[PDB]
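Trainee: sharing an experimental structure here, sequence included.
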Amino acid sequence: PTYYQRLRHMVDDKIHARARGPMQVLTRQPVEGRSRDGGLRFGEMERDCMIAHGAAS
Amino acid sequence: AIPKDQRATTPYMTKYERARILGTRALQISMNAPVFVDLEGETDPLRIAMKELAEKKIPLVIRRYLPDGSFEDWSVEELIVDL
Amino acid sequence: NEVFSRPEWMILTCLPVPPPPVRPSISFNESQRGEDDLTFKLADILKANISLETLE
RNA sequence: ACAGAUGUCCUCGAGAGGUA
DNA sequence: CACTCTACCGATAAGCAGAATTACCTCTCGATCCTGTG
């Protein structure tokens, strides 16, 4: 036997998926946060990795 | 300007060129466009594009731009596909 | 530049105002309306200009 | 002569606590 | 031949300005008065 604890992080509270959700007002870009049905952020690292991959389209 | 047929690039097809022609042909076949090969029971546009490229039956022209601004046109059928 | 950027154009004599899309108004809470900081600053500039014109 | 209501998303700057 | 400041650049020494990994989750607050009025 070994003592084990259950942490507060569960997959049911972290799974997200968006497809043409709510829009913003100023920048007209997807909103922030999972609770607001937001979208994932494409950072500069992802951009330069895709540049290195050569996928311009 | 176009370098006549005293071209000096490579007589083979690069990976980026292969991807671009495959994507363009896949999109064209996905839309209602003529196919110049025997589908032979294939229904995915990308696979139809590869089948067309197998015997160089794609009527596409590659325009390779020199850094100065000149460009030479290379036909798909005359480009060796070794990759 | 002779046509694109002259030295005498470096002094601001006419100030364009951004359109409402540039500085939109937030929803605030229920039955509450607020304005962006750009709108308040533009109103302050207009008030200062009017005061200067009247004082002159 | 005529003519009484609806259109879907609102915060925003911050602060704190954490996950890789 | 060095007498006095005149014109030149070569060091030294303090003041500014920027900028600091990426992505994600949750809560919690604040968006205004009073001297001056009829």
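Mentor: Nice, I can see it. Numbers count the residues shown, from 1 in each chain, chains lettered A, B, ... in the order given.

Trainee: please confirm that residue B:74 is located within a strand.
Mentor: Yes - the assignment for residue B:74 (DSSP: H, G, I helix; E, B strand; the rest coil) places it in a strand.

Trainee: for it, which non-adjacent residue is closest in space?
Mentor: Leaving aside its chain neighbours, residue B:74 sits nearest to residue B:62 (4.3 Å; criterion: Cβ to Cβ, 6 or more residues apart in numbering or on different chains). Bear in mind the C-beta positions are built from the backbone N, C-alpha and C, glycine included.

Trainee: contact partners for the one you found?
Mentor: B:17, B:21, B:73-76, B:79 (Cβ atoms under 8 Å, 6 or more residues apart in numbering or on different chains).

Trainee: any idea how far residue B:15 is from chain A?
Mentor: 8 Å (Cβ to the nearest Cβ, to the nearest Å).

Trainee: looking at it, that residue is touching residue B:22, isn't it?
Mentor: No - if you go by Cβ atoms under 8 Å, residue B:15 and residue B:22 don't touch, sitting 10.5 Å apart.

Trainee: settle it for me: which of these two has more neighbours?
Mentor: residue B:22 (17 against 9; other Cβ atoms under 10 Å in any protein chain shown).

Trainee: adjacent strands (with direction) for the helix or strand where the residue nearest to residue B:74 lies?
Mentor: Mapping residue B:62 onto the secondary structure by DSSP states H and E places it in strand B:61-65. The strands beside strand B:61-65 in its sheet (DSSP bridges) come out as strand B:71-75 (antiparallel).
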